[PDB]
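[1] can you look at this? It's an experimental structure, sequence on top.
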Amino acid sequence: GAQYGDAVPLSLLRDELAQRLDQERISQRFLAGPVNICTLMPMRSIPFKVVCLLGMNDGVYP
DNA sequence: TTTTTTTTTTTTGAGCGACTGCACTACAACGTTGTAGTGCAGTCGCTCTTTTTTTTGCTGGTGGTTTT
């Protein structure tokens, strides 16, 4: 799409394909049936009754 | 294009340095012999650490799992 004319080696395309195969995004699906195990972002202000916070040691969070 | 069998483990330390025994000549004590010093070879102890250091995009943004 940029109309590149010069030669492109193998390692650049190999690293670009390796970067696009490990781009699996963190799932934010919520199921109302079972208890939801998830990270902080998906529900920021949703008002649940019981709220548990794991992994609150130094270095990891924030 | 088809198809057969099968239950037995092995090996691994070597260089450095001392202990002890026998041979071998030099030299003084009593021509010959006993004591002393060294060379070479078989046998044997011993001994060979300690450790840790990191950036990676939570959903960076037309994004988003699941039913007929």
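    On my side now, so go ahead. Numbering: from 1, shown residues only, chains lettered A, B, ... in the order given.
[2] ramachandran coordinates for residue A:60?
    With angles defined as degrees, to the nearest 10, residue A:60 sits at phi -80, psi -50.
[3] surely residue A:36 meets residue A:46?
    No: applying Cβ atoms under 8 Å, one finds residue A:36 not in contact with residue A:46, separated by 10.0 Å. The way it works is simple: take the backbone N, C-alpha and C, and place the C-beta from them, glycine included.
[4] between the two, who's got more neighbours?
    residue A:36 (12 against 8; other Cβ atoms under 10 Å).
[5] residues contacting the more buried one?
    residue A:30 (Cβ atoms under 8 Å, 6 or more residues apart in numbering).
[6] residues of chain A that sit close to DNA strand B?
    A:25, A:26, A:27, A:28, A:29, A:39, A:40, A:41, A:42, A:61, A:62 (Cβ under 7 Å from any atom of the strand).
[7] with adjacent residues omitted, what lies nearest to the fourth one?
    In space, and not counting its chain neighbours, residue A:28 is closest to residue A:42: 4.1 Å by Cβ to Cβ, 6 or more residues apart in numbering.
[8] what's the helix or strand for the one you found?
    Under the criterion DSSP states H and E, no helix or strand holds residue A:42.
[9] just give me the neighbour total for it.
    13.
[10] what sits against residue A:13?
    Contacts of residue A:13 (Cβ under 8 Å, 6+ apart): none.
[11] helix, strand, or coil at it?
    helix (DSSP: H, G, I helix; E, B strand; the rest coil).
[12] can you give me the helices in chain A?
    With DSSP state H as the criterion, chain A has helices at A:10-19.
[13] is the residue nearest to residue A:28 in contact with residue A:30, as I believe?
    Yes: the criterion here is Cβ under 8 Å, and residue A:42 meets it with residue A:30 at 6.6 Å.
[14] shared neighbours of the two, anything?
    Counting by Cβ under 8 Å, 6+ apart, nothing touches both residue A:42 and residue A:30.
[15] any idea how far apart the tips of stretch A:16-31 sit?
    35 Å (Cα to Cα, to the nearest Å).
[16] residue A:45: neighbouring residues, count only.
    With other Cβ under 10 Å as criterion, residue A:45 counts 4.
[17] if anything else comes up later, I'll come back, but that's it for now.
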